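Per-chain numbering from 1; labels A, B, C, D, E, F, G, H, I and J assigned in written order.
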Amino acid sequence: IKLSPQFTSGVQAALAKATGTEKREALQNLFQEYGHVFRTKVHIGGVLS
Amino acid sequence: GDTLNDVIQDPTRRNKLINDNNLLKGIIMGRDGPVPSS
Amino acid sequence: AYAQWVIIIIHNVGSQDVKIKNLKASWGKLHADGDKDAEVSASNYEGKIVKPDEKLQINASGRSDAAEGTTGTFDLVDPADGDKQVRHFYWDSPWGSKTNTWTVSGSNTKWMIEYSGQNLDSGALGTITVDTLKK
Amino acid sequence: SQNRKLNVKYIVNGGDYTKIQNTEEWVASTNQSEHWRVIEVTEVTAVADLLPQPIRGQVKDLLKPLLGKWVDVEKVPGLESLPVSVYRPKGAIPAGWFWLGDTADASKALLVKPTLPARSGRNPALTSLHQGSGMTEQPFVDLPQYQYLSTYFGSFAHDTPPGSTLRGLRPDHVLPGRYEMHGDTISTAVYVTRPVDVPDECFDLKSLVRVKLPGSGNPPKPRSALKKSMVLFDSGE
Amino acid sequence: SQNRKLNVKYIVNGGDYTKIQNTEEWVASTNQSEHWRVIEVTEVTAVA
Amino acid sequence: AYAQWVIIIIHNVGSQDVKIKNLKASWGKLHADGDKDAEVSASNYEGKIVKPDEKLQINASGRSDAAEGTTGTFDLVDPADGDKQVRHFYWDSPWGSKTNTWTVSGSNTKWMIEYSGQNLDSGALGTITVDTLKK
Amino acid sequence: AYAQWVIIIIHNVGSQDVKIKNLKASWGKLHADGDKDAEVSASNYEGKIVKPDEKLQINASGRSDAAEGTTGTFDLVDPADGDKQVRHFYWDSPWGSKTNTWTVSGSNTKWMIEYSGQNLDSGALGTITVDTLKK
Amino acid sequence: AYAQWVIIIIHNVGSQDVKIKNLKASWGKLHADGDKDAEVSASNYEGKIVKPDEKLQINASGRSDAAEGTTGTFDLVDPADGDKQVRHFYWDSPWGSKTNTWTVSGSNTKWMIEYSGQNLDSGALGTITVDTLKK
Amino acid sequence: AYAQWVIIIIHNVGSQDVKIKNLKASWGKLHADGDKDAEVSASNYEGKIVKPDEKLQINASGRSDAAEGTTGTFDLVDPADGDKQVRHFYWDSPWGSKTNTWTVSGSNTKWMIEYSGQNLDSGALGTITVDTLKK
Amino acid sequence: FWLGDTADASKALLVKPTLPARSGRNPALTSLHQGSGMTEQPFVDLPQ
């Protein structure tokens, strides 16, 4: 899986901040907008309960 | 009797499956619960 | 006998609810204010919530001309703390014995209870105002 | 007296969702590709794990909620009747840092500091502790589900050191530990909490938890250790 | 006192799986090639 | 007779549950705290789980003016170990004999039981606090 | 009589010293632990300091087989502020009455005092445990 | 009487030596195995060391057809630490009572002692097997 | 009579199951451990499987004050060999005759049975431990 | 590591893991701990 260029650019910009707290807050925003986990194995079908 | 193979071999059906299931998008683990990212 | 009587005025000066429980007149009878003839049941006060700034009156007295006095017990409990007991109140105005009795027991520390107005020498027990407050 | 309560719930995930109330038609529609959906996930990868390694390490380090520092300890005088010595951070806690409780570790103690400021809609990693309401000298957590790793051996001072810097942890920062009792009698029985070994590792802080607190209304006995993955050491900050 | 427990399970492997609740229609569909599946394995070889 | 009475306060100082079993008052009667008149059944305590830091009170005494004393037995058992017996408790405050009796038997080694407050010379057996802990 | 007895256990649940003063039994006698025959003078307890996290026991009982209960008083006093009063304790387990008395009077906002285990209905006054804590 | 008897089997389930000391029968007599007529002095057992993984039997019984039970004591002592006490054992199978006594007092955290087979209800005291283990 | 009693402790030291069969108390009654009053039925042990390392206790004694003693029989059989008989056990503690009787019969050769603790001179039969093992 | 006591007077077997400990992998070997009560025998750290 290739990461989308926008996410990689966001990570680079977050790590480009001057101070550690700015980096941390930019990373928090980035992962709030992009998610913290990715599903790498998924089962397809239908379930009724 | 189509299966996932017939879906994946057809670009339109494969992309419909990818899109309708948010397979390219991560999941935001918020304190209120997981939600798919846009 | 009507010569032995007691009035209890619970006054929730505090800001949180207090509940009456286990009200029981072992001797005599309860009655409505101003009418010793109008007997009332303990269920009219059992489980009642005294809201802040509210006053609740309980009137007890002996029966009609009987040689009995009056005696009863009840509990103040905290509805906000799983009905944890605040205080246990006992009152007794006997017809035979001259001395009366008004006893408040318990060890709840987050509450302040202040009772005043009782008479213990002779005659009726009188009117007792019980100010309740939660810390 | 009579009571009856009935509750019915249907859930559909995949297939033709307009046939949720008609089981036969939903089963008939399960072979249509246009309605196939994700019905379970058997593998989940942290998004940071998808990054190239030099960036990945930095991102992982920056996401750790707490900083860490090892500090010298001093035995707390008094408490001569206890079977194990009680130790506390030596000297004053440096500004902005905090400590986590009393420990039997005579070598060092752990100091932590938040990495993210307070913000709206964000649960802080640390919480303040307050003196108990009644019949208890033990601290209580300001926020509901947070925890602290040790009991207080003394009088918990809300506003003065060392009690002013004692903090509790967000629940995701801790994992259940295992006790280690000391003392022959219940009156002098103290647990030395130690991490549960696993193949998610936790710090071996050797926190002290007295099982029998003389007061009444005491808070629950601490049973937790701090995760190693939540603390960043040698950060240069 | 009275207790009753009922548990029903259907499993399909091959044939038209949409006819799992209709035995006659599944039996009618068993002759369709597009639904034939592996119903048992009688020999397995280590990949090495 | 009410002159013979006993109170047993089981206090689970430990961190794991302990269960009461086989509670039986062979003589006298159980009753609610503070009211020897309010008799209670053994089923109100049988099978009860004393959670950690919880206190459970059992009050027994002789009947109304009868020449009987009081006598009873029960068991503490471990719910987490297939109800394996922790201890066997026997209490006896006789009306005729002056000496009382409070006996704790058993050999469970992963438990510590400490009982205090009993009186064995004369009069009522008294109040006995039993602190329980699991190693 | 020995049937009239009381045990008072002062238990420091805080971290500051507390002193016992003015211990005086007007009726009955102070005695040893588990030994109502070994009379002990009030000088054994007066002026003593109950160190934090340890208990001091005071045993009082009536004269042997007499028609006399046990009545007494003591002060708990904080030595940290020039021996000011914390609370005044009075106990009365009479031989010729049913109502035992256990009064904790006085006021000291810097101290919190709890007590439990007393019996006021009839018989002995029991084992009263008093937990003291300086806030 | 011979009907009052007790067998005490010390069984070392560990790997460290244990010694028997101060064995003394105040009432009754020590006797041989399966032979209540062959009296044996306490010197046969006092000072003996029960090697690990073997059993030592002590047989006590009352005087022949007498109105006397059997009462005795001994210490189990660890010789590895200067003959300190492990536990103090006391047995009492009286002739003029129903309640037999089997008390294992003392404290030694380095040793674990279990015992089984005793009967305290009525009759003889039975065959008590005591498993000793040094941790 | 309760003076005649027997306890049988079957201990499957081996590694394969052993089954009880044909348990029958021809005289006296079976009962639960520690309570000769709590009579139990033979069906509570009939057909039971004693797993390896498991211990099973059977308590028998005479009835309430009757002049009867106790007498019974049972069989150990091998569940893994078509319930082939392992051993036949007979116990008898008579009230009239002084001598008791404990007999083990059978010829199963792939089993080892070792019984110990019986008393045959006078009084109760006692406690008998029966260690069972399959070769 | 070693595996236990043996009657073999000629030799004994020593073993060593070939794979390090990793997440989601059951180790080939487990440590043994002293028994909780009334037993000097070791107990397996992992269940089966």
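We take it that contacts are C-beta pairs under 8 Å (C-beta built on N, C-alpha and C of every residue); 3 or more make two chains touch, one makes a residue touch a chain.
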Inter-copy rotation, chain C to chain I, in degrees (Cα atoms; steps of 5): 55
Pair in F-H, C-G or H-I that repeats F-G, with over half of contact pairs matching by residue number: H-I
Most central chain, judged by mean C-alpha position against the global CA mean: F
Centre distance in Å when chain A and chain C are each reduced to the mean of their C-alpha atoms: 67
Distance between the centres, which are taken as Cα means, of chain I and chain D, whole angstrom: 57
Intercentroid distance (Cα basis), chain I paired with chain H, Å: 26
Chain F and chain H: spacing of chain centres that average the CA atoms, whole Å: 30
Per-residue multi-chain contacts in chain I, two or more chains: none
Chain D: positions in contact with at least two other chains: 27, 30-31, 36-38, 44, 47, 134-135
Chain pairs in mutual contact under the definition given at the outset: A-B, A-D, B-D, B-E, C-D, C-G, D-E, D-F, D-G, D-J, F-G, F-H, F-J, H-I, H-J
Residue numbers on chain D that touch chain C, as the complex places them: 133-135
Contacting residues of chain F [partner chain G, same complex]: 2-3, 5, 34, 36, 117, 121-124, 126-127
Touching residues on chain G, where the partner in the complex is chain D: 11, 13-15, 53, 112, 114, 131, 133
Residue ranges of chain E touching chain B (in the complex, touch as defined): 16, 32, 34-35
Sites on chain D touched by chain F in the complex: 179, 181, 185-186, 189, 211-212, 218, 221, 223
